[PDB]
Each structure stands twice: as structure tokens, then as C-alpha cells.
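This is upload37.cif (mmCIF, C-alpha atoms).
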data_model
#
loop_
_atom_site.label_atom_id
_atom_site.label_comp_id
_atom_site.auth_asym_id
_atom_site.auth_seq_id
_atom_site.Cartn_x
_atom_site.Cartn_y
_atom_site.Cartn_z
CA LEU A 1 -2.27 -17.67 -4.51
CA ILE A 2 -3.83 -17.90 -1.04
CA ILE A 3 -1.70 -16.92 1.96
CA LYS A 4 -2.54 -17.83 5.54
CA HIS A 5 -1.99 -14.94 7.96
CA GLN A 6 -2.18 -15.61 11.70
CA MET A 7 -2.58 -12.57 13.93
CA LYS A 8 -3.53 -11.55 17.46
CA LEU A 9 -6.36 -9.04 17.78
CA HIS A 10 -7.93 -7.15 20.65
CA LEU A 11 -11.67 -7.40 21.27
CA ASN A 12 -12.55 -4.48 19.00
CA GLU A 13 -10.35 -5.72 16.16
CA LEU A 14 -11.68 -9.26 16.58
CA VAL A 15 -15.29 -8.08 16.46
CA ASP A 16 -14.59 -5.96 13.39
CA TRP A 17 -12.81 -8.80 11.59
CA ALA A 18 -15.57 -11.26 12.47
CA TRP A 19 -18.31 -8.98 11.17
CA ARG A 20 -16.45 -8.14 7.95
CA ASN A 21 -15.62 -11.81 7.23
CA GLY A 22 -19.00 -13.22 8.22
CA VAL A 23 -18.93 -15.87 10.94
CA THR A 24 -22.23 -17.67 11.51
CA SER A 25 -21.35 -19.29 14.84
CA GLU A 26 -18.00 -19.70 16.59
CA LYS A 27 -16.26 -19.24 19.96
CA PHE A 28 -12.98 -17.31 20.10
CA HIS A 29 -10.67 -17.91 23.06
CA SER A 30 -8.15 -15.28 24.15
CA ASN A 31 -4.64 -15.15 25.56
CA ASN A 32 -5.90 -14.95 29.15
CA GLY A 33 -8.71 -17.51 28.91
CA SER A 34 -11.56 -15.10 28.22
CA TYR A 35 -13.83 -16.00 25.31
CA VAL A 36 -16.41 -14.39 23.04
CA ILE A 37 -19.17 -16.42 21.37
CA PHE A 38 -20.70 -15.40 18.05
CA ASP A 39 -24.09 -16.95 17.29
CA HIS A 40 -25.92 -16.07 14.06
CA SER A 41 -23.24 -13.41 13.40
CA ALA A 42 -24.27 -11.63 16.62
CA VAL A 43 -22.28 -11.39 19.84
CA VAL A 44 -24.12 -13.39 22.49
CA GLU A 45 -21.92 -14.33 25.45
CA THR A 46 -18.60 -12.83 26.53
CA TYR A 47 -16.58 -13.90 29.55
CA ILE A 48 -14.62 -11.40 31.62
CA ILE A 49 -12.53 -9.76 28.88
CA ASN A 50 -9.89 -7.26 29.98
CA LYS A 51 -8.12 -4.72 27.83
CA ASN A 52 -5.05 -5.95 25.90
CA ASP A 53 -6.50 -9.46 25.67
CA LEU A 54 -5.27 -11.15 22.50
CA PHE A 55 -7.38 -13.44 20.31
CA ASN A 56 -5.73 -15.62 17.67
CA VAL A 57 -7.32 -15.50 14.21
CA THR A 58 -6.06 -16.73 10.84
CA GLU A 59 -7.24 -14.93 7.71
CA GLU A 60 -6.57 -15.86 4.09
CA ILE A 61 -5.26 -13.09 1.83
CA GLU A 62 -5.33 -14.14 -1.82
CA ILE A 63 -3.16 -12.29 -4.34
CA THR A 64 -4.60 -12.34 -7.85
CA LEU A 65 -4.48 -9.98 -10.80
CA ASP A 66 -8.26 -9.53 -10.95
CA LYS A 67 -8.99 -8.81 -7.27
CA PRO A 68 -7.99 -5.56 -5.54
CA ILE A 69 -4.80 -5.24 -3.52
CA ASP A 70 -4.81 -2.84 -0.59
CA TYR A 71 -1.35 -1.32 -1.09
CA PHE A 72 1.17 -2.03 -3.83
CA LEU A 73 4.14 -0.38 -5.53
CA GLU A 74 4.64 -0.39 -9.30
CA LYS A 75 7.78 0.31 -11.34
CA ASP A 76 7.37 1.40 -14.95
CA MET A 77 9.77 0.32 -17.67
CA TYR A 78 11.01 3.91 -17.90
CA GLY A 79 12.06 4.05 -14.24
CA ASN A 80 9.12 5.66 -12.46
CA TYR A 81 7.90 4.38 -9.10
CA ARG A 82 4.25 4.82 -8.14
CA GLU A 83 2.03 3.51 -5.35
CA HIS A 84 -1.59 2.39 -5.68
CA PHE A 85 -4.12 1.81 -2.91
CA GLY A 86 -7.05 -0.59 -3.11
CA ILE A 87 -7.16 -1.29 -6.85
CA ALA A 88 -6.59 -4.50 -8.77
CA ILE A 89 -3.41 -5.02 -10.76
CA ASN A 90 -5.40 -5.24 -14.00
CA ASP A 91 -7.02 -1.90 -13.14
CA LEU A 92 -3.85 -0.06 -14.17
CA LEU A 93 -4.39 1.89 -17.38
CA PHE A 94 -1.22 0.63 -19.08
CA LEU A 95 -0.12 -2.64 -17.50
CA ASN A 96 2.09 -3.06 -20.57
CA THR A 97 4.74 -0.67 -19.24
CA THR A 98 4.74 -2.06 -15.69
CA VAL A 99 7.80 -4.18 -14.92
CA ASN A 100 7.63 -5.03 -11.21
CA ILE A 101 4.91 -4.86 -8.55
CA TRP A 102 5.62 -5.27 -4.83
CA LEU A 103 2.98 -5.72 -2.14
CA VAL A 104 3.34 -3.45 0.90
CA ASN A 105 2.86 -4.88 4.39
CA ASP A 106 2.42 -1.79 6.64
CA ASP A 107 5.94 -2.43 7.95
CA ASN A 108 7.41 -0.59 4.95
CA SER A 109 8.55 -4.02 3.74
CA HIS A 110 8.07 -4.82 0.05
CA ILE A 111 7.38 -8.35 -1.19
CA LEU A 112 7.69 -9.01 -4.91
CA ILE A 113 4.46 -10.38 -6.37
CA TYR A 114 4.67 -9.40 -10.05
CA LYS A 115 7.80 -9.78 -12.17
CA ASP A 116 8.58 -10.59 -15.80
CA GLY A 117 4.92 -10.17 -16.76
CA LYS A 118 3.57 -12.94 -14.52
CA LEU A 119 2.56 -13.39 -10.89
CA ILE A 120 5.01 -14.88 -8.41
CA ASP A 121 4.11 -18.43 -7.44
CA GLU A 122 3.22 -19.33 -3.87
CA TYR A 123 6.56 -20.79 -2.80
CA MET A 124 8.66 -17.93 -4.15
CA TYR A 125 6.22 -15.64 -2.36
CA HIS A 126 6.86 -17.49 0.91
CA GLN A 127 10.59 -17.13 0.30
CA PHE A 128 10.23 -13.39 -0.32
CA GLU A 129 7.97 -12.99 2.72
CA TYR A 130 10.66 -14.52 4.91
CA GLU A 131 13.32 -12.55 3.05
CA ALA A 132 11.81 -9.05 3.04
CA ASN A 133 12.16 -8.19 6.75
CA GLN A 134 14.80 -10.47 8.24
CA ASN A 135 16.26 -8.24 10.95
CA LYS A 136 12.96 -7.00 12.35
CA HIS A 137 13.30 -6.58 16.11
CA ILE A 138 9.97 -6.19 17.91
CA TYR A 139 9.80 -4.40 21.25
CA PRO A 140 9.47 -6.91 24.11
CA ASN A 141 6.71 -5.86 26.49
CA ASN A 142 4.68 -8.05 28.84
CA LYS A 143 1.89 -7.01 31.21
CA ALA A 144 -0.38 -9.67 32.66
CA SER A 145 -3.44 -7.38 32.74
CA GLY A 146 -5.44 -9.94 34.69
CA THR A 147 -5.82 -12.13 37.76
CA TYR A 148 -8.08 -15.11 38.52
CA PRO A 149 -11.41 -13.26 38.62
CA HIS A 150 -13.20 -15.39 41.21
CA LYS A 151 -12.71 -15.47 44.96
CA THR A 152 -11.51 -19.12 45.15
CA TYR B 1 -50.49 -2.43 -31.61
CA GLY B 2 -49.21 -0.90 -28.39
CA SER B 3 -47.26 2.29 -27.86
CA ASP B 4 -44.20 1.31 -29.92
CA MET B 5 -46.19 1.97 -33.10
CA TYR B 6 -45.80 5.71 -32.54
CA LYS B 7 -42.04 5.34 -33.00
CA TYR B 8 -42.64 4.13 -36.55
CA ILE B 9 -45.34 6.74 -37.19
CA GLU B 10 -42.86 9.63 -36.92
CA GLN B 11 -39.42 8.54 -38.12
CA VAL B 12 -37.35 8.25 -34.95
CA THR B 13 -33.61 7.58 -35.05
CA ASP B 14 -31.91 6.65 -31.77
CA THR B 15 -28.15 7.20 -31.92
CA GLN B 16 -25.60 6.30 -29.25
CA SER B 17 -21.83 6.43 -28.97
CA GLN B 18 -18.98 5.87 -26.53
CA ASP B 19 -15.32 6.86 -26.89
CA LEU B 20 -12.83 5.53 -24.35
CA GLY B 21 -9.34 6.98 -24.63
CA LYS B 22 -6.03 6.22 -22.96
CA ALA B 23 -2.69 7.97 -23.34
CA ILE B 24 0.65 7.68 -21.55
CA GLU B 25 3.55 10.00 -22.39
CA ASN B 26 7.02 9.52 -20.92
CA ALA B 27 9.74 12.14 -21.38
CA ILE B 28 13.34 11.97 -20.17
CA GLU B 29 15.56 15.05 -20.43
CA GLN B 30 19.27 15.27 -19.62
CA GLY B 31 21.49 18.33 -19.77
CA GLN B 32 25.15 19.18 -19.22
CA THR B 33 26.84 22.57 -18.91
CA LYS B 34 30.51 23.55 -18.82
CA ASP B 35 31.80 27.08 -18.21
CA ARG B 36 35.27 28.58 -17.99
CA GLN B 37 36.19 32.15 -17.05
CA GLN B 38 39.68 33.67 -17.18
CA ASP B 39 40.33 37.28 -16.20
CA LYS B 40 43.32 39.60 -15.96
CA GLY B 41 43.66 42.88 -14.09
CA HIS B 42 46.34 45.55 -13.92
CA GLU B 43 46.23 49.08 -12.49
CA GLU B 44 48.98 51.62 -11.84
CA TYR B 45 48.91 55.11 -10.36
CA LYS B 46 51.04 58.13 -9.47
CA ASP B 47 50.47 61.03 -7.06
CA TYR B 48 52.27 64.23 -6.09
CA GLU B 49 51.27 66.77 -3.45
CA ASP B 50 53.47 69.64 -2.24
CA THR B 51 52.62 71.60 0.91
CA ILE B 52 54.34 74.88 1.80
CA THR B 53 53.56 76.55 5.14
CA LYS B 54 54.38 79.90 6.73
CA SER B 55 53.91 80.82 10.39
#

Represent the structure of the file as C-alpha cells.
Amino acid sequence: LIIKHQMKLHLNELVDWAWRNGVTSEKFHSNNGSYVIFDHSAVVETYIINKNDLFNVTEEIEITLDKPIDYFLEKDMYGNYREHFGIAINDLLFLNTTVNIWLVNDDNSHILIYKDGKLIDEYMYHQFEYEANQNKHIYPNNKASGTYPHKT
Amino acid sequence: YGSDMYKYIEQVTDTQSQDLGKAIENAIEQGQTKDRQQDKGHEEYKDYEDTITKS
């Protein structure tokens, strides 16, 4: 169960993500045409990069029982709701009692991943990911934060 | 030969153990209470005071 996740990151977030998920050599372009070049997992050359510049990066999050999940919500068969941070699903002491497990997406939106004793397949997960936060209005805000740097 | 021989020379018994326990207890309690109070009051009184004045 591997899920593509495309996001836009500032320079600090992009550098952090690149160093955590090792990149040997790659050039990342930004919203405003600035670029940063990683060579041998070390920053080498950066163009004129202003604040609020957005870089597009796609990361794969894979949801499996054995690997840890950053934030999930578990419902016992008795009716108790608990939340667990950064532990695998199998790491629960008594997985026998657990009925449902929902991933949490930092938007306070729950996506069902574990029901009826088995993981949710990829396509039902896509359906639930669309379905969880339908009426999510994002604030519209645009600032150019740049101008053609050279004298032309 | 070697050092291990000493272990046999003086009877040595190595003992290990490991106990791993798990326990989940779930208790559900429900309670209902019904009360009913009914009171009655009744009081009656009488007074008499006679004042006689001279001036």
C-alpha cells in the first residue's frame, strides 16, 4: 500500500526532506524559477531563492501493519477510542480487541485504513482519501515575492 | 584445555529466565436512580392580648 503524496515545500522544508530521504544528486526547481542542486547529498549551487518559494516534491508513504505510522486512531471492541503516535499497528499489545484504525492527516481528517481485521486496499484508500475532507476550503493568498533579478 | 575447563572444575550452573506478561481489563458500569418525595404541612395558631391604660 504505497501512496504518492505531492507537496510544495519552502527551502528549509525541502532541504530537510532531501536529507532525511537521501538524494544522491538532483536539481529541484521552484515556483519562481529558482533552483537548488544537490550533489553527493550536499547542497552545492543555489540560484536566487526568495522566501515563500515553493518546490514541488512527491514522497511515497506506505501503510503497512509492520512499519510505524506517525498518527493513528484506534477503536476497541468495547467502545474506547485511543490515539497512538509513531508506532506500528502490530505494536499494539492486544490487536485482538481493535476493531477500526484510522490514519490522521494533520487536518483532523480521519481515513480508514484498518477494518474487519484486515488492511484497506489501495483503491478503497483512495476513495476514503477523497471522501474524508470534501468541503475543505483553503485560504486564497497570493504574493509574488519576486521580480526578474537582473538589470535587463 | 583453555579457560573453559575451570567451569567444569567447580560445578557451575548458569540459569536464565524471562517472563513477558500482558493484561487488558475492560469494565462497563451503568446505574439508574429514581426518587420521589411527598410532604404535607399544617400549622394553626391563636393569640389574645388585652391592653388597659389609665392617664

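Here CA of residue 50 (chain A) stands at a distance of 17.0 Å from CA of residue 141 (chain A).
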
Can you list, as a VMD selection string, every protein, DNA or RNA residue that comes within 9 Å of residue 132 (chain A) when you count all atoms listed in the file, leaving out same-chain residues fewer than 5 positions away? chain A and resid 109 to 112 127

Restricted to C-alpha atoms, what would the selected residues look like written as a PDB file, in the coordinates of the input?
ATOM      1  CA  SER A 109       8.550  -4.020   3.740  1.00  0.00           C
ATOM      2  CA  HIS A 110       8.070  -4.820   0.050  1.00  0.00           C
ATOM      3  CA  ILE A 111       7.380  -8.350  -1.190  1.00  0.00           C
ATOM      4  CA  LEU A 112       7.690  -9.010  -4.910  1.00  0.00           C
ATOM      5  CA  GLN A 127      10.590 -17.130   0.300  1.00  0.00           C
TER       6      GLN A 127
END

Taking the file as shown, find all residues satisfying the PyMOL selection byres ((chain B) within 12 of (chain A)) and write them as a count of residues only. 9

Just the residues within 9 Å of region 27-44 of chain A, please, counting all atoms listed in the file, with nothing from its chain fewer than 4 positions along; format it as number ranges by chain. A: 8, 10-11, 14-15, 18-19, 22-23, 48-50, 53-57, 144-146

Can you tell me how far CA of residue 4 (chain B) sits from CA of residue 17 (chain B), in Å to one decimal?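 A separation of 23.0 Å between them.
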
Report, in Å to a single decimal, how far apart CA of residue 72 (chain A) and CA of residue 131 (chain A) are.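 CA of residue 131 (chain A) sits 17.5 Å away from CA of residue 72 (chain A).
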
List as a ChimeraX atom specification the residues having at least one atom at most 7 Å from position (-2.2, -15.1, 2.6) as given in the file, counting only C-alpha atoms. /A:2-5,60-62

Translate the PyMOL selection byres ((chain A and resi 119) around 10), as applied to the file shown, into an explicit residue set as a CSV table (one decimal) with C-alpha atoms, keeping the file's coordinate frame.
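Below you can see selection_7.csv, which holds the result:
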chain,number,residue,atom,x,y,z
A,1,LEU,CA,-2.3,-17.7,-4.5
A,63,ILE,CA,-3.2,-12.3,-4.3
A,64,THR,CA,-4.6,-12.3,-7.8
A,65,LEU,CA,-4.5,-10.0,-10.8
A,100,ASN,CA,7.6,-5.0,-11.2
A,101,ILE,CA,4.9,-4.9,-8.6
A,112,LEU,CA,7.7,-9.0,-4.9
A,113,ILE,CA,4.5,-10.4,-6.4
A,114,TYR,CA,4.7,-9.4,-10.0
A,115,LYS,CA,7.8,-9.8,-12.2
A,116,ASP,CA,8.6,-10.6,-15.8
A,117,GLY,CA,4.9,-10.2,-16.8
A,118,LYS,CA,3.6,-12.9,-14.5
A,120,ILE,CA,5.0,-14.9,-8.4
A,121,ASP,CA,4.1,-18.4,-7.4
A,122,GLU,CA,3.2,-19.3,-3.9
A,125,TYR,CA,6.2,-15.6,-2.4

To box region 8-26 of chain B, take all atoms listed in the file, fit an axis-aligned box, add 8 Å on each side, and give centre and edge lengths in Å to one decimal, as lines of an AutoDock Vina configuration file.
center_x = -19.2
center_y = 7.1
center_z = -29.5
size_x = 68.4
size_y = 21.9
size_z = 33.2

Any chance you could resolve the PyMOL selection byres ((chain A and resi 83) around 12) against this file and give the residues as a list in words? residues 69, 70, 71, 72, 73, 74, 75, 76, 80, 81, 82, 84, 85, 86, 87, 89, 92, 100, 101, 102, 103, 104 and 110 of chain A
